[PDB]
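Engineer: Just passing along the structure, written as structure tokens.
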Protein chains: 4
Amino acid sequence: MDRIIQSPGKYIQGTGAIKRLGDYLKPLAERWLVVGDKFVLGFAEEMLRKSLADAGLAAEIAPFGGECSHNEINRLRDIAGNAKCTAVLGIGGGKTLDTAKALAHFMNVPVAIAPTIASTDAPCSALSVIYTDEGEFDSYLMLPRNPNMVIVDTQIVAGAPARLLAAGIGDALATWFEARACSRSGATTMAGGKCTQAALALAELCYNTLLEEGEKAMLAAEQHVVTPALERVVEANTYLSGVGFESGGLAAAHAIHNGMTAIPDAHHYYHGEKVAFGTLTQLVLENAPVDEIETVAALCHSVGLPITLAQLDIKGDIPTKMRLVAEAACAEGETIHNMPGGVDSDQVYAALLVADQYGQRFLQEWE
Amino acid sequence: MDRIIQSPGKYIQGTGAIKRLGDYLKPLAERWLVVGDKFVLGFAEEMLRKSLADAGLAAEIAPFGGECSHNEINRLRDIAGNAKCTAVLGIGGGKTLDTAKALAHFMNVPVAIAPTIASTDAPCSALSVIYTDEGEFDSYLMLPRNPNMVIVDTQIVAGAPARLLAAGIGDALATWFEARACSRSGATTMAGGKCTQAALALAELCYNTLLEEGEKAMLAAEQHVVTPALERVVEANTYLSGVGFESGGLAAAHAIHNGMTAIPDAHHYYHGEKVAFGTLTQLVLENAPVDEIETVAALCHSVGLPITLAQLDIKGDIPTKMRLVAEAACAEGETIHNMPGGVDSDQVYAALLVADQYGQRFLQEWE
Amino acid sequence: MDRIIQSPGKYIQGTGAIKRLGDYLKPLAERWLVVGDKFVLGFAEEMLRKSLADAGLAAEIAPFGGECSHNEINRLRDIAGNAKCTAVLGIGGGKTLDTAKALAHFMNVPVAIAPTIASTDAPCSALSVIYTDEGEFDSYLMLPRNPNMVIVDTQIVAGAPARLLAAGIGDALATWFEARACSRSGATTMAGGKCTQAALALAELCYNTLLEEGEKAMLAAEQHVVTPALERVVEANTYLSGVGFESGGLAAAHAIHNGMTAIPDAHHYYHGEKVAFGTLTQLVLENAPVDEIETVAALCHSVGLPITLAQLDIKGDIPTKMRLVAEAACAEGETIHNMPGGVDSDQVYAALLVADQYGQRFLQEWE
Amino acid sequence: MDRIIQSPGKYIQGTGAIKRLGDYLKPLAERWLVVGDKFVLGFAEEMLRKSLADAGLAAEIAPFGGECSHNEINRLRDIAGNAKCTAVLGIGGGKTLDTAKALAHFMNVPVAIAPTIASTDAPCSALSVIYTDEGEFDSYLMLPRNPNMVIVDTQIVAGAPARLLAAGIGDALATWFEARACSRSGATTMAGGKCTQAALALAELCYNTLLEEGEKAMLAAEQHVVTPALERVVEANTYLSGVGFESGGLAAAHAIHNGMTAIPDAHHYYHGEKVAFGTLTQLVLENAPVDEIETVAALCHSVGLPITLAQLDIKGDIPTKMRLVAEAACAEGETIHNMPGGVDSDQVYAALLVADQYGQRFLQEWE
Ligand SMILES: NC(=O)c1ccc[n+]([C@@H]2O[C@H](COP(=O)([O-])OP(=O)(O)OC[C@H]3O[C@@H](n4cnc5c(N)ncnc54)[C@H](O)[C@@H]3O)[C@@H](O)[C@H]2O)c1
Ligand SMILES: NC(=O)c1ccc[n+]([C@@H]2O[C@H](COP(=O)([O-])OP(=O)(O)OC[C@H]3O[C@@H](n4cnc5c(N)ncnc54)[C@H](O)[C@@H]3O)[C@@H](O)[C@H]2O)c1
Ligand SMILES: NC(=O)c1ccc[n+]([C@@H]2O[C@H](COP(=O)([O-])OP(=O)(O)OC[C@H]3O[C@@H](n4cnc5c(N)ncnc54)[C@H](O)[C@@H]3O)[C@@H](O)[C@H]2O)c1
Ligand SMILES: NC(=O)c1ccc[n+]([C@@H]2O[C@H](COP(=O)([O-])OP(=O)(O)OC[C@H]3O[C@@H](n4cnc5c(N)ncnc54)[C@H](O)[C@@H]3O)[C@@H](O)[C@H]2O)c1
Ligand SMILES: [Zn+2]
Ligand SMILES: [Zn+2]
Ligand SMILES: [Zn+2]
Ligand SMILES: [Zn+2]
């Protein structure tokens, strides 16, 4: 079958990039619905309003309700119609950005995406994760188009909590290993085809960037300043990981992330933190060489990502809990079946327990 | 300043991909203006009509006049309006594809691009080269958006004259060296920013793919059959070279290509064939190591690309002609000024003569 | 533009070299004004007087006032005229040597330079740093000529405080990284041209000599004895670093050194000690690979150079202080603008905080 | 004993550098005696006169008599006195430059040196080779000072006969091997001390530059154009080879060059061409590894340097002739005694015959 790569039309990144939003957006449309979470608008609404106004654009500011839900999408569509908006700008974290993408899809208008953290690879994908209003997962809304533009102000990202950059490292860490597994098995990607050389190269570049720049970038993040190492990790967490997962493929790491919703234990932990441990588990499952698992565990440990169940607050009755996680990870349609040679719940259960023991030993030897 | 990468929204490649055009295009629009050159429609119009009709799409076939000109764009716009077309599909070589992109820009509608040869990196770029009707260069039309979709049927490409695949190798050969020069000098790219890591990786992947797959792919091309080596070179000539040049940067090789319009000698040679010799000249100009120039010259020689002036039919009064080429290559606004340390016409003139002598010696030692 | 390398006419180094001063100086001139600081004359005046007298030279001893100031230069010129001196010998540390060079320039006579410590790369350069009498910086006096001869008695150097050899290592450490940055950006050097291959080779030789010989040389320095390792480090701190900085280029490390005069905190620390931390900061700024920063930090740590702000006694209100340092480091005309891609104060501020955190972590892991 | 490196005060190189002579010379002196050979003044006198006049300098043009002789030095001194010249500029090849240096020494004034070919390492040294008027060698005049400035217009050099650049490659080829031999034996250099690390690094850089750039530079030379490869070889033939031989040491290669004046056969061959074969002979004498001799022989062959006696037109009665050469090469005071372990005429004779056979075999295998 065909080989396919998808991408946002234009990806932009640099310090102060919010100040240039208006000039970047003007070739696309004149009247913008701005979905932003209240915290982000707290510090960014004035700059954003100025950027668009100076470029001659209309801006209808719509504070985000917090959840990417069908009710919230229709609420924002009503608001957008009153202002005759012809495009959507989402500014914030993953839930805000998914909502903007879905809203623009249903209005059939361009979308611009301004991540104010680099915490997941959501910004670039042709995908919105729909939840109920209460926050329970609902469905994956596959979009016919990636976002028109993605604009990352790296100074805003650097000012955010450093834990959220580490979380993005965890999400991006899975990219190479899941795309490599899909290329080994010949699996179809979310772009709908087999993998291109381009996507595999960006996926592998993602991993090497994290290895080379992750620790340097976290020093900058903890000081809330921008260095080229932080710039490179933001690119890896956003563009490389986004194109990497969507056009290179998903496999065990993300099925294992999804499987942990079968227990309540890890509720306080971010998407990318659970994906980091899912990645360690995939490496056990595919029996990666010792040096490769050690390198990944050490990278995770160096930026604060969990390498044990207890670091995700998964404690007590581990056998019952890991059976729940393993069974949900292997549910019909899950991406774990993209692993070479197929995988069942018994193998995932085994990998979960062993990956946990590996991390415990690692933490012990680190004293 | 910001770092920026641009891309077509979706790039698709595989054998028989023309048969799936209708299903690929349906999420974008329902009524398609199809710009195709008469030779391509000669063999492809029936398959293309079937693909779109089976998917429930309207197709208004508009045979292409041959030149990407303002008169031709307005002619096609009139034809499209009569059929109430809501999108444009260009199918053919570079001139057809540039026309489709420019037409869709002026109609403000999506564009799909179906290269039937892999002869240049035109398909993916947010750029149309406008000519007069007589064929004289007119202007560069910079587009606000890359094409929505690019669809390469590799069986159609493999059936085309093999010389046109080699020409695409020549255009793609420049990608790594021009992007690397721009990254060394800190030059602004056509995407409007400094280079991303992603773009440099795709540019370098482009070069390595040509080295590893070029000769294997030409065997397939000469037999008019599809192998994975030909598939990889098509990707390199189209997606990698396209994103590579636009988001990684242009430099001396393409300024030297442009400079050869100052003489009539190379009129029978394709865009990518002149770019191959421009690349050898850039390597002399930047004083690349001997092994690197030899590798490039050998790659060019192995797929039939020119490594001497005479192989471009540039013969007689070489000093006067190369002074004309060097001066036009250094004209104000040319990309040769993206080279590290700056470059003037005396240095380009020197590099032209020396690159020519290098190629002559290479051909001699090859007997 | 032209490529230019400058050098003192003759550089001499070895144990007991002061005893041979007279024979080395005789081909240059017969009547010598000897500028020496009182401490150095305390131990060296008798040997120096004997060397010159035995060779048939006149010596007018002029104890140095301590500061390289315009008033001091004119005072010494008056003294020299009374004795009809036809050349100048400076013997001591950097302030003495700069004064001798400037004095000889204004008398229009040859100058010989005898460093009695290897604490900076001042001895070889065509530059004097002029201060007011109170010690405030005044101006850079660019000289039309490097010193005629430089004579380093390595036994006198080895007898000096070991901290002053480590300081020279810190000044010399910057040489490779600043010259490499200038060669990457194409910056003009203080020799007035672009860099030669010769200057880049001496700059890189400087760095490798410090890596290979620094710790061995400090053992000798602490014992106040001469070994070949100490001999090689003296050459690196004097000739290699001198030609390296002047003909290879200055960049961020020295602008950052200059920037710390915007705060009073580091007043007790030597020129080369501040340059060592400026070098670590430049490595953060140019995002050097982790292994390279670690190697530099470990080299600094092994000879006692500072790798944190607190080791320069910069403590308390770090954000305000580092903003002052960053702004002065980026003042108009500073060498930080020789860095590839340009640099502003926000980037320098970020690099300062991150380099400080890197050094703190290094010291912590070293326990 | 002390380690000593000597250098011209300022070395300048680039295309069109003759046009900037006046501004480069003005800080040194106002009234210049210009010694130039008639051929060079034929093309350069007008530019040179303009450069000095525009900078406000006086120029007394004195066409050179052709030989560096005591009679010629006194003739030029008389001419200089009539014009009250306060400095000397030599412009031309080695004989002109040696004369300018010696003249400035006897007038006790600064000297500037403008090589118009890069054929030997004469320009930078504190040495003039004095001949009788008939052209017989007379003596080595050791100078107390290297030239104040050396200015190489690389466009003038590139315009000269290409054979003269190859000759300079031959002279420069000896630099690394003779300096390395002197460093192995601990020999005293012409700077009067043991070798510095700086001088050994420049000597080795010289050799590697010839290996990497020699063939690329000869392509440029044959086209009479300037490329960066030609620029690097000019630096290697002039600055690197000059400092390399004088401060790194001479050994067998140059003693063997000197020894060939004992026969008339090689009279039509340039200094550097005889030094190339002397270098091959030294490699036999020191029993260099096979790969090293092959590399040197191949480098020589690739730029047209002789690797056999017959290529120096030394033919007929080879045993008698090589005994004459070997005996003169080993004369008292010759530099061949700087070779490790000492050398006598029987060993040199053996090396001459064997080096000749090696070159003959090399030429044969090359067909
Ligand atoms: N569509 C995709 O491809 C994709 C991929 C991965 C994840 N997702 C979805 O993204 C959601 C999680 O995204 P998330 O991890 O970013 O959580 P999130 O969107 O809820 O935001 C995280 C928090 O960061 C806060 N914060 C503090 N300082 C901030 C600052 N400077 N900038 C922005 N926010 C700041 C925000 O207010 C927010 O509470 C999930 O619903 C996930 O399903 C989608
Ligand atoms: N916009 C950009 O970024 C960009 C980049 C490079 C070149 N260009 C422009 O592209 C133009 C040249 O493009 P080109 O080299 O492809 O020439 P072209 O578009 O004129 O087509 C080359 C020929 O291939 C013929 N042919 C034979 N078999 C074919 C087959 N199976 N499929 C398709 N064609 C077949 C075509 O009819 C055509 O005559 C130039 O105008 C150039 O300026 C634009
Ligand atoms: N012109 C240039 O290129 C250049 C380069 C770097 C620094 N500088 C200037 O050099 C000055 C600092 O030079 P410095 O760091 O050598 O300080 P310094 O010249 O003041 O001397 C340092 C101290 O070492 C003392 N001491 C103890 N034992 C000694 C011994 N055996 N020999 C010599 N001194 C001994 C000296 O008396 C002196 O107090 C600054 O003014 C700086 O601007 C100039
Ligand atoms: N002092 C030292 O350290 C040292 C080192 C090596 C050689 N030497 C001496 O240098 C002398 C040989 O020097 P040489 O080989 O350069 O020969 P040379 O000085 O006689 O000049 C070579 C010829 O090049 C001609 N020519 C043609 N085009 C020219 C152009 N553009 N520019 C300059 N010249 C051009 C010149 O007129 C000249 O006839 C010998 O006397 C040698 O002893 C001295
Ligand atoms: Zn994820
Ligand atoms: Zn092209
Ligand atoms: Zn310094
Ligand atoms: Zn020589």
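Chain lettering (A, B, ...) mirrors the order of the structure tokens, residue numbering begins at 1 for each chain separately, and ligand numbering begins at 1 in order of display.
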Starting from chain C, keep only residues with some atom at most 7 Å from an atom of chain D, counting only C-alpha atoms, and report them as a ChimeraX atom specification.

Structural biologist: /C:1-14,27,144-146,198,202

Engineer: Please write out the residues within 12 Å of ligand 8 as a PyMOL selection string, counting only C-alpha atoms and all ligand atoms.

Structural biologist: chain D and resi 94+118-125+127+129+167-175+178+237-238+241-246+249-258+270-279

Engineer: Please save C-alpha atoms of the selected residues as a PDB file, in the first residue's frame.

Structural biologist:
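This is the output file selection_37.pdb:
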ATOM      1  CA  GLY D  94      63.020  34.843  -3.850  1.00  0.00           C
ATOM      2  CA  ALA D 118      54.779  31.257  -3.843  1.00  0.00           C
ATOM      3  CA  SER D 119      57.802  29.298  -5.023  1.00  0.00           C
ATOM      4  CA  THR D 120      59.946  28.977  -1.863  1.00  0.00           C
ATOM      5  CA  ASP D 121      59.788  29.682   1.861  1.00  0.00           C
ATOM      6  CA  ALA D 122      62.225  32.609   1.511  1.00  0.00           C
ATOM      7  CA  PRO D 123      59.663  35.430   2.158  1.00  0.00           C
ATOM      8  CA  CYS D 124      59.267  35.021   5.921  1.00  0.00           C
ATOM      9  CA  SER D 125      62.769  34.046   7.068  1.00  0.00           C
ATOM     10  CA  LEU D 127      67.927  34.965   6.182  1.00  0.00           C
ATOM     11  CA  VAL D 129      71.247  33.934   0.530  1.00  0.00           C
ATOM     12  CA  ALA D 167      57.918  24.321  -7.046  1.00  0.00           C
ATOM     13  CA  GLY D 168      56.701  26.012  -3.856  1.00  0.00           C
ATOM     14  CA  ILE D 169      54.844  22.823  -2.953  1.00  0.00           C
ATOM     15  CA  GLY D 170      58.158  20.970  -3.304  1.00  0.00           C
ATOM     16  CA  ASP D 171      59.975  23.372  -0.980  1.00  0.00           C
ATOM     17  CA  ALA D 172      57.115  23.220   1.531  1.00  0.00           C
ATOM     18  CA  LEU D 173      56.910  19.427   1.350  1.00  0.00           C
ATOM     19  CA  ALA D 174      60.265  19.130   3.138  1.00  0.00           C
ATOM     20  CA  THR D 175      59.078  21.239   6.096  1.00  0.00           C
ATOM     21  CA  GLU D 178      62.951  18.041   8.317  1.00  0.00           C
ATOM     22  CA  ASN D 237      54.186  27.478   0.846  1.00  0.00           C
ATOM     23  CA  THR D 238      54.889  30.854   2.510  1.00  0.00           C
ATOM     24  CA  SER D 241      56.896  26.481   5.456  1.00  0.00           C
ATOM     25  CA  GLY D 242      58.840  29.603   6.445  1.00  0.00           C
ATOM     26  CA  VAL D 243      58.263  29.411  10.197  1.00  0.00           C
ATOM     27  CA  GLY D 244      58.383  25.616   9.917  1.00  0.00           C
ATOM     28  CA  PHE D 245      61.881  25.429   8.440  1.00  0.00           C
ATOM     29  CA  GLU D 246      63.434  28.278  10.403  1.00  0.00           C
ATOM     30  CA  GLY D 249      64.638  22.758  11.715  1.00  0.00           C
ATOM     31  CA  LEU D 250      66.452  21.696   8.542  1.00  0.00           C
ATOM     32  CA  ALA D 251      67.888  18.217   7.948  1.00  0.00           C
ATOM     33  CA  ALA D 252      68.680  15.867   5.033  1.00  0.00           C
ATOM     34  CA  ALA D 253      66.293  17.152   2.342  1.00  0.00           C
ATOM     35  CA  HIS D 254      67.937  20.563   2.154  1.00  0.00           C
ATOM     36  CA  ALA D 255      71.489  19.256   2.503  1.00  0.00           C
ATOM     37  CA  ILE D 256      70.709  17.038  -0.496  1.00  0.00           C
ATOM     38  CA  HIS D 257      69.362  20.046  -2.420  1.00  0.00           C
ATOM     39  CA  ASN D 258      72.603  21.859  -1.631  1.00  0.00           C
ATOM     40  CA  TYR D 270      63.872  25.386  -9.479  1.00  0.00           C
ATOM     41  CA  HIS D 271      64.890  25.327  -5.828  1.00  0.00           C
ATOM     42  CA  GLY D 272      61.667  23.613  -4.721  1.00  0.00           C
ATOM     43  CA  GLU D 273      61.825  20.960  -7.435  1.00  0.00           C
ATOM     44  CA  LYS D 274      65.236  19.765  -6.205  1.00  0.00           C
ATOM     45  CA  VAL D 275      64.010  19.907  -2.593  1.00  0.00           C
ATOM     46  CA  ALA D 276      61.126  17.561  -3.506  1.00  0.00           C
ATOM     47  CA  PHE D 277      63.552  14.830  -4.561  1.00  0.00           C
ATOM     48  CA  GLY D 278      65.748  15.613  -1.555  1.00  0.00           C
ATOM     49  CA  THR D 279      62.672  14.906   0.575  1.00  0.00           C
TER      50      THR D 279
END

Engineer: Name the residues of segment 88-311 of chain A that fall into strand (DSSP E) according to DSSP on the backbone, using the chain letters and numbers of this document, as a PyMOL selection string.

Structural biologist: chain A and resi 88-92+111-115+127-131+137-142+149-153

Engineer: Please list as a list in words every residue within 7 Å of segment 22-25 of chain A, counting only C-alpha atoms and excluding residues in the same chain fewer than 6 positions away.

Structural biologist: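 Here the qualifying residues turn out to be residues 51, 52 and 55 of chain A.
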
Engineer: Please indicate the distance in Å from atom 15 (O, counted along the ligand's line) of ligand 4 to atom CA of residue 33 of chain D, rounded to one decimal place.

Structural biologist: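 Separation between atom 15 (O, counted along the ligand's line) of ligand 4 and atom CA of residue 33 of chain D: 22.3 Å.
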
Engineer: One decimal, in Å: what's the spacing between atom 38 (C, counted along the ligand's line) of ligand 2 and atom CA of residue 95 of chain B?

Structural biologist: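 The value is 8.0 Å.
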
Engineer: Please identify all polymer residues within 6 Å of segment 63-69 of chain C, counting only C-alpha atoms, omitting same-chain residues fewer than 3 positions from it, and present them as JSON, numbers by chain.

Structural biologist: {"C": [35, 36, 37, 38, 72, 95, 99, 130, 131, 132, 133]}

Engineer: Output N, CA, C and O atoms for every residue in the selection just made, as a CSV table (one decimal), in the first residue's frame.

Structural biologist:
chain,number,residue,atom,x,y,z
C,35,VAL,N,61.5,48.6,32.8
C,35,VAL,CA,60.3,48.7,33.6
C,35,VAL,C,60.0,47.4,34.4
C,35,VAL,O,59.7,46.4,33.7
C,36,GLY,N,60.1,47.5,35.7
C,36,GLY,CA,59.8,46.2,36.5
C,36,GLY,C,59.0,46.5,37.7
C,36,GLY,O,59.3,47.5,38.4
C,37,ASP,N,58.1,45.6,38.1
C,37,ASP,CA,57.4,45.9,39.4
C,37,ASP,C,58.4,45.6,40.5
C,37,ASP,O,59.3,44.8,40.4
C,38,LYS,N,58.2,46.3,41.6
C,38,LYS,CA,59.1,46.3,42.7
C,38,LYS,C,59.3,44.9,43.3
C,38,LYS,O,60.4,44.6,43.7
C,72,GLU,N,51.6,57.3,33.9
C,72,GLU,CA,52.8,56.4,34.2
C,72,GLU,C,53.7,56.3,32.9
C,72,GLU,O,54.9,56.3,33.0
C,95,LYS,N,50.3,44.0,33.7
C,95,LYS,CA,50.2,45.5,33.8
C,95,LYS,C,51.6,46.1,33.5
C,95,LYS,O,51.7,47.1,32.8
C,99,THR,N,52.5,48.3,29.9
C,99,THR,CA,53.1,49.6,30.1
C,99,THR,C,54.3,49.7,29.2
C,99,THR,O,54.6,50.7,28.5
C,130,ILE,N,44.8,50.4,28.7
C,130,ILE,CA,45.1,51.6,29.5
C,130,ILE,C,44.1,51.8,30.6
C,130,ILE,O,42.9,51.6,30.3
C,131,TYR,N,44.6,52.1,31.8
C,131,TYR,CA,43.7,52.3,32.9
C,131,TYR,C,44.0,53.8,33.4
C,131,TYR,O,45.0,54.3,33.1
C,132,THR,N,43.0,54.3,34.2
C,132,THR,CA,43.3,55.5,35.0
C,132,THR,C,44.3,55.1,36.1
C,132,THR,O,44.5,53.9,36.4
C,133,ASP,N,44.8,56.1,36.8
C,133,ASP,CA,45.7,55.9,37.9
C,133,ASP,C,45.0,55.1,39.0
C,133,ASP,O,45.6,54.3,39.7

Engineer: I'd like the interatomic distance between atom 37 (O, counted along the ligand's line) of ligand 1 and atom CA of residue 135 of chain A, to a tenth of an Å.

Structural biologist: 15.3 Å

Engineer: DSSP says helix (DSSP H, G or I) for which residues of segment 13-199 of chain B? Put them as a short mmCIF file (atom, residue, chain, number, x, y, z; two decimals) with C-alpha atoms, in the first residue's frame?

Structural biologist:
data_model
loop_
_atom_site.label_atom_id
_atom_site.label_comp_id
_atom_site.auth_asym_id
_atom_site.auth_seq_id
_atom_site.Cartn_x
_atom_site.Cartn_y
_atom_site.Cartn_z
CA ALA B 17 -1.68 5.65 -6.64
CA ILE B 18 -3.58 7.35 -9.49
CA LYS B 19 -6.31 4.72 -9.04
CA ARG B 20 -6.87 5.98 -5.48
CA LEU B 21 -6.93 9.72 -6.31
CA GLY B 22 -10.70 9.96 -5.88
CA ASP B 23 -10.71 8.55 -2.35
CA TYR B 24 -7.69 10.69 -1.39
CA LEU B 25 -9.26 13.89 -2.76
CA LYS B 38 -1.77 16.63 -23.26
CA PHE B 39 0.80 13.83 -23.24
CA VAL B 40 -0.10 12.82 -19.67
CA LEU B 41 -3.83 12.97 -20.36
CA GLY B 42 -3.13 10.76 -23.38
CA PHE B 43 -2.37 7.85 -21.06
CA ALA B 44 -3.90 8.94 -17.71
CA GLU B 45 -7.21 10.70 -18.44
CA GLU B 46 -9.32 7.52 -18.44
CA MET B 47 -7.93 6.18 -15.12
CA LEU B 48 -8.15 9.61 -13.51
CA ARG B 49 -11.73 10.17 -14.66
CA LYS B 50 -12.71 6.75 -13.28
CA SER B 51 -11.04 7.33 -9.90
CA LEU B 52 -12.82 10.65 -9.32
CA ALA B 53 -16.18 9.49 -10.73
CA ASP B 54 -16.20 6.35 -8.57
CA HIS B 70 -0.42 34.69 -16.18
CA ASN B 71 -2.48 34.35 -19.37
CA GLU B 72 -2.71 30.58 -18.86
CA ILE B 73 -3.73 30.95 -15.21
CA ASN B 74 -6.59 33.29 -16.17
CA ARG B 75 -7.67 31.00 -19.03
CA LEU B 76 -7.95 28.06 -16.61
CA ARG B 77 -9.73 30.16 -14.00
CA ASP B 78 -12.41 30.99 -16.59
CA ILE B 79 -12.78 27.28 -17.46
CA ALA B 80 -12.95 26.35 -13.76
CA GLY B 81 -15.67 28.94 -13.09
CA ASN B 82 -17.90 27.55 -15.83
CA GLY B 94 6.87 20.94 -13.06
CA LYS B 95 5.27 23.51 -15.37
CA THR B 96 1.85 21.87 -15.01
CA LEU B 97 2.16 21.64 -11.23
CA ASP B 98 3.31 25.25 -10.78
CA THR B 99 0.31 26.37 -12.87
CA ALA B 100 -2.13 24.35 -10.73
CA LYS B 101 -0.66 25.83 -7.53
CA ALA B 102 -0.87 29.39 -8.83
CA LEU B 103 -4.39 28.86 -10.18
CA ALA B 104 -5.61 27.47 -6.87
CA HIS B 105 -4.01 30.41 -5.08
CA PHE B 106 -5.90 32.91 -7.23
CA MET B 107 -9.17 30.97 -6.96
CA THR B 154 5.50 5.57 -8.77
CA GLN B 155 4.44 3.26 -11.60
CA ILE B 156 3.69 6.26 -13.81
CA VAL B 157 7.06 7.77 -12.84
CA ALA B 158 8.90 4.52 -13.56
CA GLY B 159 7.25 4.39 -16.99
CA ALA B 162 14.78 7.46 -17.38
CA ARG B 163 16.65 10.69 -18.16
CA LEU B 164 13.93 12.54 -16.25
CA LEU B 165 14.57 10.54 -13.08
CA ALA B 166 18.30 11.30 -13.35
CA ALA B 167 17.41 14.99 -13.77
CA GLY B 168 15.45 14.79 -10.51
CA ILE B 169 18.50 13.25 -8.85
CA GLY B 170 20.49 16.29 -10.01
CA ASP B 171 17.99 18.74 -8.53
CA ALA B 172 17.87 16.75 -5.28
CA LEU B 173 21.65 16.46 -5.09
CA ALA B 174 21.94 20.19 -4.35
CA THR B 175 19.58 19.96 -1.35
CA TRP B 176 22.02 18.88 1.36
CA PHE B 177 24.88 21.12 0.24
CA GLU B 178 22.75 24.27 -0.13
CA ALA B 179 20.92 23.68 3.18
CA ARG B 180 24.23 22.95 4.91
CA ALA B 181 25.73 26.17 3.52
CA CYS B 182 22.69 28.13 4.74
CA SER B 183 22.94 26.56 8.16
CA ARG B 184 26.65 27.47 8.32
CA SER B 185 25.98 31.09 7.32
CA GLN B 197 16.68 20.53 12.84
CA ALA B 198 13.89 18.69 10.98
CA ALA B 199 14.70 20.38 7.67
#

Engineer: Which one of C:86, C:348, C:140, C:328 sits closest to residue 261 of chain C if you count only C-alpha atoms?

Structural biologist: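 Smallest distance to residue 261 of chain C is found for C:328.
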
Engineer: Tell me, as a PyMOL selection string, which residues lie within 9 Å of segment 296-298 of chain C, counting only C-alpha atoms; anything in the same chain fewer than 6 positions away does not count.

Structural biologist: chain C and resi 173+211+279-280+305-307+358-359+362
